[PDB]
Amino acid sequence: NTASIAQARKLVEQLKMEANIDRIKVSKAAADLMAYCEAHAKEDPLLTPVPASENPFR
Amino acid sequence: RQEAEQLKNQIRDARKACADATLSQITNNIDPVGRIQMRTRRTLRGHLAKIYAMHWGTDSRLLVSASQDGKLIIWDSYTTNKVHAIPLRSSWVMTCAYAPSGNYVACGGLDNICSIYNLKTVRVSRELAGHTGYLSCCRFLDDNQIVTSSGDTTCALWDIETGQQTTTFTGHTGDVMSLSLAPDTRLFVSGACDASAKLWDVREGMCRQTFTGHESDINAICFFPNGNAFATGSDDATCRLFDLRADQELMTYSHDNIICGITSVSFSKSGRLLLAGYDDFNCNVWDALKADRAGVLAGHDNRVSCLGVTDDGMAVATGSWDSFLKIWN
Amino acid sequence: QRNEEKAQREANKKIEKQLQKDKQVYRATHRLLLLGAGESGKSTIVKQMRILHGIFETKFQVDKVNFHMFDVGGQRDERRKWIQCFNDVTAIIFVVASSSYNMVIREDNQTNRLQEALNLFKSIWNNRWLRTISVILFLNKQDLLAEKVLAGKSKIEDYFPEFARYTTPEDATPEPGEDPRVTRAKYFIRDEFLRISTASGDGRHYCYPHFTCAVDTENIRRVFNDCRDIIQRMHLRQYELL
Amino acid sequence: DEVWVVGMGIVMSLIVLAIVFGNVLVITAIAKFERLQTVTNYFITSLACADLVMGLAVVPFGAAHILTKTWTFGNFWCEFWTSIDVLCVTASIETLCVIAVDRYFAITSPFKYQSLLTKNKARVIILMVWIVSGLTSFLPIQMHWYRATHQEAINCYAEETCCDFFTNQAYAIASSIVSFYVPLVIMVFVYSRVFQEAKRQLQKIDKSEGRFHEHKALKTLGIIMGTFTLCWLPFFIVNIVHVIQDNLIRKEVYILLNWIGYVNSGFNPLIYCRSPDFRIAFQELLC
Ligand SMILES: Nc1nc2c(ncn2[C@@H]2O[C@H](COP(=O)(O)OP(=O)(O)OP(=O)(O)O)[C@@H](O)[C@H]2O)c(=O)[nH]1
Ligand SMILES: CN[C@@H]1CCc2c(ccc(O)c2O)[C@H]1O
């Protein structure tokens, strides 16, 4: 099967392309997620119940 | 062609080399948000058959839903009264979408055709064909181009004006079931039935990364508001949180008392709460940064198949096989 | 904004009326699902019925009762993820080629073609989402099976070793002129499926075996009778009486 | 003596309660959940409402009258109480007949069941049944067409202390025919047809797949028919007998059989509400 060679090479070129990516430590990613969540924590009605005056479904 | 294992081993070693610490270690002194109680505010009726999908409007006021009766109904959440009702040619529909500009509505299903509608004229505008399998999801990237995912292990980026495929994404092995667009509409992800997810490029049209943390079929996928993470839900009663920059998963959401599958996943505006619908006739509200339950949304008498949160984050709406749409808060 | 509220209330009324009009039509009709193995003759059976009196649809009525049938041939794969959508149908029509007990398929040695059907039927019966759906079974190609069994070149016993220790049922009703070999082959084919059906029936859904060939015009009546029986049995069991 | 009066109060208290509790639970369960709002459940709602009215109105005052041995209210109250009794009793049986006919249509003709029964038609049927029941209770009692013609009857009618049931032949026969004998032959014929269909279906199943593999229908039909027949039969024959020939039945036997009839409202929730959905509803709340 010539087709088999094609898929086998494509799985090799794709894997080579999907291997040379700069990676960062997971601690930095967790810190960034923490910072964003703490930054935008005061603007979501689900987390903090808003007064019934501004609620359109009341 | 025996070098494929070597590259996989190298990728695994590179991923292991950057695992400095677990997310739970960093987020351990945070005071939990505590129990959260939500009550039904509205109940929408009128669907003869059992529902699959829904999509909120961009104004957080209107929403659309599709059912197996062969009918799309555009509701008004504030005054719980209908606006439009569109009969369809084929009664087997599996998806729906709402335009960012509020002018078009798309819906496709078991027939290998994606149809769009012109609300402000209600007649069919164009029919997009070319797929060889059932459609599973579709989203408007803009007012003139749409991205769809079908059951023949492919995705496409259509052009509405000409009705011809522009770019075709290939590389998956199993059926593609769901996708979600980034806030900048420059990248999107997709969850297949081969227990894998991928991060495509809209412009170039080449896959960049592959995550294979799951072990069964993937039914739902969402995307973090920050644009640097996403969450998936599979049939093994687990929700996993991946990260693009680190390139491996960071946290798993599972409980020993639930063994049913997951049908929908969504986030909140702040991203602190993760909402996931189950086959247990109800829904759960996890904690994104702590992996601990925080509430249950009961009230449905059958399977839950839809879920969504408004853009302004004022309410969360669900749709089940009981042919009823409910609005929680 | 008095008109704006009033106008919306005008539209909701126009729809609700349309929905009420359409509900009766939706509830009146009956839906069936057509399914079977490849190279078995489902297309021949469907095309023949109308002249007699990615998806496909068919409309037909018997005794002023509306019936509707959907067949899916575009989505042909071993894994069937779309089958969850068909848990509210009245019945499932299953068609299998009864004469192909000696033929490998796909240029793949595979298994004798009848066995693959058996595996498909077993998977369909034990599905989680089809716990309360009956099955109508059509054993097609009755003449080719009889001729092939009459020929001594191909023997059923070789491919299925359990045929050697098989004895015909005492309640059989062979057609006039039928040789014992044809009757034994037919009833072995029938009870091979009946065993799988009755193993885990649980009393909620049954099976209706049938024999048919090309020259037959009574299938449209058999489907009607089977659907009526299915609904009657469902109603009887609902009231804790059967 | 002293013990008998004490015994009656306890026995009466247990019945008045059970009767109210069963109907209240059924009505609350059917109203709370939308899964149980089936069209065939409307007849059950009407039956439960009728039983609730009977248990709340006629049982307590009847017990008070039988215990006190003297009516303590006016003649108009006596007539109104008799009217309520007759209305509830005659409206608690035609609903059973309607339920039987509905099951007959559901089983015998499965294809035409959807068209023959609609939510709009159920309200019309229920209203017609209630109108017919009210026509034979208030109309011939508020008007004085049911009165008797012997000295004891007129003496009791003049007095304001005795409230006893005296009637002539015509009203007794007509009310008995309207209430009991007409809705009995219909039920018998319907259930015979249903049993025949069930036996035929089971025979077909046994013929089809007997080799690899009778009394449930008998048990269910026996419960449904026997409970009602045993509860309401003797009264609706002594009613004719005592007026056809006098000085044959003592009043105590009359009252005892009539009160035996009242217990029938204490079994309907246990008979017509045994579906698993009702069990789930009962477990969800008040538990
Ligand atoms: N002798 C005989 N041949 C039959 C019969 N039914 C179908 N055939 C033959 O089967 C062929 C037609 O089958 P089709 O209906 O086209 O097959 P199909 O159902 O589309 O097959 P798949 O889509 O692969 O499942 C012809 O060669 C027919 O002569 C039958 O009852 N007797
Ligand atoms: C005193 N109690 C009454 C008397 C006669 C009567 C009853 C019930 C139904 C009828 O059709 C009747 O005629 C009894 O409940």
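Throughout, chain C uses Swiss-Prot numbering, with the displayed residues spanning 12-64, 206-394 in order.
Cβ coordinates come from backbone N, Cα and C, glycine included.
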From the candidates C:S54, C:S352, the one which Swiss-Prot records as phosphoserine: C:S352
The annotated region 'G1 motif' range in Swiss-Prot, which must be one of C:42-55, C:267-280, C:309-322, C:379-392: C:42-55
Region 'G5 motif' range according to Swiss-Prot, out of C:298-303, C:358-363, C:364-369: C:364-369
Per Swiss-Prot record, range annotated region 'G3 motif' [choices C:219-228, C:249-258, C:339-348]: C:219-228
Annotated region 'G4 motif' segment (source Swiss-Prot; candidates C:27-34, C:208-215, C:288-295): C:288-295
Rounded inter-Cα distance in Å - C:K300 (ubiquitin cross-link), C:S352 (phosphoserine): 33
Nonlocal neighbours by CB distance (under 8 Å) for C:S352 (phosphoserine), same chain, sequence gap 6 or more: C:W277, C:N278
Remote residues contacting the region 'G4 motif' (C:288-295) - C-beta distance under 8 A, at least 6 residues beyond either end: 51-52, 56, 243-252, 338, 341-342, 345, 359-366, 371, 374-375, 378
Tally of residues which DSSP labels helix, strand or coil - the region 'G3 motif' (C:219-228): 0 helix, 5 strand, 5 coil
Structural state census, the region 'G4 motif' (C:288-295) (DSSP three-state): 2 helix, 5 strand, 1 coil
Within the region 'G1 motif' (C:42-55), residues counted as helix, strand or coil by DSSP: 3 helix, 6 strand, 5 coil
Other CB atoms within 10 A, centred on C:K300 (ubiquitin cross-link): 18
